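To begin, one chain is listed below as structure tokens, in the form deposited without the named molecule.
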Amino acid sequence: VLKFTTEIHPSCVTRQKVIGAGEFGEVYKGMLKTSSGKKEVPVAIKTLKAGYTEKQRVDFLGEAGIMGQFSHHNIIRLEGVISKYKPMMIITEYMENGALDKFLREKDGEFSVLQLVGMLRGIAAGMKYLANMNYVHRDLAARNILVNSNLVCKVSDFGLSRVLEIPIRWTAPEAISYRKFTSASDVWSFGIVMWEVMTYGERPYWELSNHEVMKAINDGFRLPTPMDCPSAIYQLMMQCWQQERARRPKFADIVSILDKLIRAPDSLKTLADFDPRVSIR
């Protein structure tokens, strides 16, 4: 008994603006009337262009079916789909500030430590929920987290998510080599997202190639501390990068730890030493 995915009638949806485009469809900002013509919500509208294959169809609608199973503050809400009419659409809640990685790059240094940790807490809460609903995301990265105008971060882009049974530099070593994707490999990816947030969207491992990232991780290298990063936050992301996946924290542990730090915020004032990459005398 999966949750009913609502089929939305096209007369209930208006597209107001074209805000992204790919080879397979576009993303629009729009409005959705509900229940019935009495409430209006702003929505994101993702289409699938004519000519789509069976695989594209199952991937596109399957992504909506996954979203439709969830009801969590930190998971993008599915309003519904249009599949009876073409082009087919996935209609979700509108996220005014877009993808988290690009947003942070355009807000470089403008947030407080407490705000950044609060973003991480919300992301972790959504991932904990996702994991305990028996899904692995497999593509967790700041670029797949959306931000609404209240600065709430929500996990999106479930196109590669799977019921339990991709950029190298976000993926756990056992998922790279053995295709063993689990909630524990999402935890590795979350540690990278932690580093992305605390650096305002720095590129993980900078100019290193994918082969070089694999060599470094394999040798025990880990991403160095971000600037002005709480020691507690860096130790936590370091634990997400344990080679042995059973030694990594669960999302349950991550949410609990972040809550304890936010509850006693002077805990965040102890900073990990930033390794000076240049010397000015």
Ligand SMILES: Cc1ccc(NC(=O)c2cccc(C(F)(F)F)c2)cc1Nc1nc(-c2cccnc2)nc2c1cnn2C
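Rigid core here is just the name for the largest C-alpha set that superposes within 1.5 Å across the two forms. Residue indices: 1-based, along the sequence shown.
If you look for the form solved in complex with the named molecule, you will not find it shown, but the lines that follow are about it.
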Exercise for review: Given the named molecule as it appears in the deposited bound form, superposed onto the chain shown via the C-alphas lining its site, indicate whether the pocket is open or blocked by backbone or C-beta atoms at a 2.4 Å cut-off with 3 or more atoms counting as blocked.
Suggested key: blocked
Exercise for review: Let me know the one among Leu32, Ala232, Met214, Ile66 whose heavy atoms come within 4.5 Å of the named molecule in the deposited bound form, would you?
Suggested key: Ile66
Exercise for review: Select from the listed residues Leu48, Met238, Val27, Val255 the one whose heavy atoms reach within 4.5 Å of the named molecule in the deposited bound form.
Suggested key: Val27
**Study point:** Contact at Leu114, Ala124 and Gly191 by the named molecule in the deposited bound form, all three, heavy atom at most 4.5 Å
**Key:** no
**Study point:** Contact test in the deposited bound form: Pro204 vs the named molecule, heavy atoms, 4.5 Å
**Key:** no
Practice item. May I ask you to state whether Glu174 is within 4.5 Å of the named molecule in the deposited bound form, using heavy atom distances? Key: no
Check your understanding: Can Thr92 be called a contact residue for the named molecule in the deposited bound form at 4.5 Å between heavy atoms?
Key -> yes
Check your understanding: Contact between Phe158 and the named molecule in the deposited bound form at 4.5 Å, heavy atoms?
Key -> yes
Exercise for review: Would you mind picking out the stretch of 75-83, 192-200, 116-124, 205-213 that comes within 4.5 angstroms of the named molecule in the deposited bound form, counting non-hydrogen atoms?
Suggested key: 75-83
Practice item. Between 135-151 and the named molecule in the deposited bound form, list the residues on our side with a heavy atom within 4.5 Å. Key: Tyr135, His137, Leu146
Practice item. Taking the rigid core as the superposition reference, indicate whether the CA of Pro265 shifts 2 angstroms or more between the shown form and the other one. Key: no
Point to revise | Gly51: Cα shift of 2 Å or greater between the shown form and the other one (core-aligned) | key: yes
